[PDB]
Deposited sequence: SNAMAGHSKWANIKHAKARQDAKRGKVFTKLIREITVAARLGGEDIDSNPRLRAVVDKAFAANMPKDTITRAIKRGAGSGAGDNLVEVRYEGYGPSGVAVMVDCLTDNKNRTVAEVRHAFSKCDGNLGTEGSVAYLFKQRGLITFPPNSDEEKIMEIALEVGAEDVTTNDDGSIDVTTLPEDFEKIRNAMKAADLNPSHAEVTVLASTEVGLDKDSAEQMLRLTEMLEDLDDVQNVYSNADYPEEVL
């Protein structure tokens, strides 16, 4: 009861704090890059929506916007982790020398290391991913996907269908599906890995730890990897 709930709220609060700090920086940088007008700045639109969803105070949001008009810079690190998993770490920082050392330390603690710019980035692409539930019309989805230039269609053991698209074709293809009364369970543009690296329980635990260490840094915005985690650690 109270023990589990207070402990649960404590964790939920602690994560809200870390995310708060990341959002502030992303608001500021999005504003500085794409401008102060949220309606003409999709990047800013997205983070401001996330900020309001997280109940960040309006004044904190607006001041973060006005600050972009901090000396935060974008930096990407690329490296390898347990079992040679490729890892990309996107950062917003006012001190790259501080950040790179902290990122190296995390990688090093998990038997990994940073490589050169471009050493892994080619494995990771933004892709539209439209997911249809079991009992969807496989045939009709396939017909539309070929007609409209989908990158891939995968039918899973449970009957669910995942359609992957180039980011630029995402909206059109989603619209084509809905027009044919094919209603997706979920659709988004996300980052997908071209190849994956299968992990045993132990390596998976170490990779999870690495992800967690990196995300705990205020300088880190997003961590991507091509790890294929086993069901045992899930």
* Structure fact -> The deposited sequence goes unmodelled at 1 to 8, 78 to 82
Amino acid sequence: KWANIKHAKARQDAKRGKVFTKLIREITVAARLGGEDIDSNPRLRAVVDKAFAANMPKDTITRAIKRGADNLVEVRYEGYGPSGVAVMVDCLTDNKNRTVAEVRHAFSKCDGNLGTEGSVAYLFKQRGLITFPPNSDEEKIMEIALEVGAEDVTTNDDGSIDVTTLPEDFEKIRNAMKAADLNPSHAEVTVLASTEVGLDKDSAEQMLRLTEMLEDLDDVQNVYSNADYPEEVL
From here on, numbers count along this sequence of modelled residues.
* Structure fact -> Entry B factor averaged over C-alpha atoms, 28 to 36 against 186 to 194: higher for 28 to 36
* Asked: Hey, which bit's got the bigger mean C-alpha B factor in the entry, 204 to 212 or 38 to 46?
  -> 38 to 46
* Structure fact -> Looking only at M56, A64, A69, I173, the Cα with the top B-factor belongs to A69
* Asked: Going by what the PDB entry lists, where does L166 fall on CA B-factor within its chain: lowest, middle or highest third?
  -> middle
* To do: Just say lowest, middle or highest third for the CA B-factor of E78 relative to the other modelled residues in its chain.
  => lowest
* Chain thirds of CA B-factor: placement of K109 -> highest
* Structure fact -> Assert third(CA B-factor, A14) within chain per record equals highest
* To do: Could you say whether, by C-alpha temperature factor, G159 belongs to the lowest, middle or highest third of its chain?
  => middle
